[PDB]
Each structure stands twice: as C-alpha cells, then as structure tokens.
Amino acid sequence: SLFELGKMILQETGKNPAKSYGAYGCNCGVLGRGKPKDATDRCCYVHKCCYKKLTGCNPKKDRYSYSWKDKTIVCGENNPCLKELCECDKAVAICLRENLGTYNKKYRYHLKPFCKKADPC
C-alpha cells in the first residue's frame, strides 16, 4: 500500500516521500502518467506502469510485508500480486534514490499542462 511505498522511499532516499515525491514531474504522486521530465520522474513512470501490470491486488490499499535486511528492502510475500506489488514499490524507492543526483526541485509541483502524453506502458 502507499504506506509501504512511502516507507520504502524514505528508507532508500532518506527523504520525506511526500515533500520530495508527492508531486514531482509528470509521474510522481500526480494523477496518472506523463512523459517523464527526468530520471526521478521516470522512476515514477516505471512505477505506475509496474502498478498497471498487477492483477490480484490493490497497489494503493493492499498492505504487504517487507523487511529491511542489510539495508536492503526485502519483500516478504509469496502471493504473486503482493510480491510484485512490493517489488514495484522497492524498485521505485531504489530508483528514486539512484536518481537523487539529478533530482530537480523545479519539478516539485510540476504543472500538468506541461506534461506531454506518456508512452504506453
């Protein structure tokens, strides 16, 4: 669920997830997808396409188990949907961390009319 997502994002990036990613570019936090503004935004794009793949569970609402083991997010589910959901969330958190280097605050609260249509997932 978004709780696990947010926790993962905090754990990977060390950043408050809402402030940094609650509305970043065309894909992070905002409703739906848009052409990514940058790598950070692209993480969220990928994440949303990751969500679109899921069948069996609700990415927003469904809680799942994961662990922090040797400073790695370790998904703790066997259920295929929750596992993939967890892995979607893990991937985005990692991706966000990995792209902090090009994170650009100007994309915080990016305005939707500046978003081009996203490529299909």
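Note that residue numbering follows the sequence shown and begins at 1.
Looking at mean Cα B-factors across 85-93 and 25-33, the upper value is held by 25-33. Among the modelled residues of its chain, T55 has a C-alpha B-factor that falls in the highest third according to the deposited record. Ranked by C-alpha B-factor against the other modelled residues of its chain, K48 falls in the middle third. When the CA B factors of the chain's modelled residues are split into thirds, the value for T40 lands in the lowest one.
Looking at the C-alpha B-factors along this chain, the one for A18 belongs to the middle third. Among all modelled residues in this chain, the alpha-carbon of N79 has a temperature factor (C-alpha) in the highest third.
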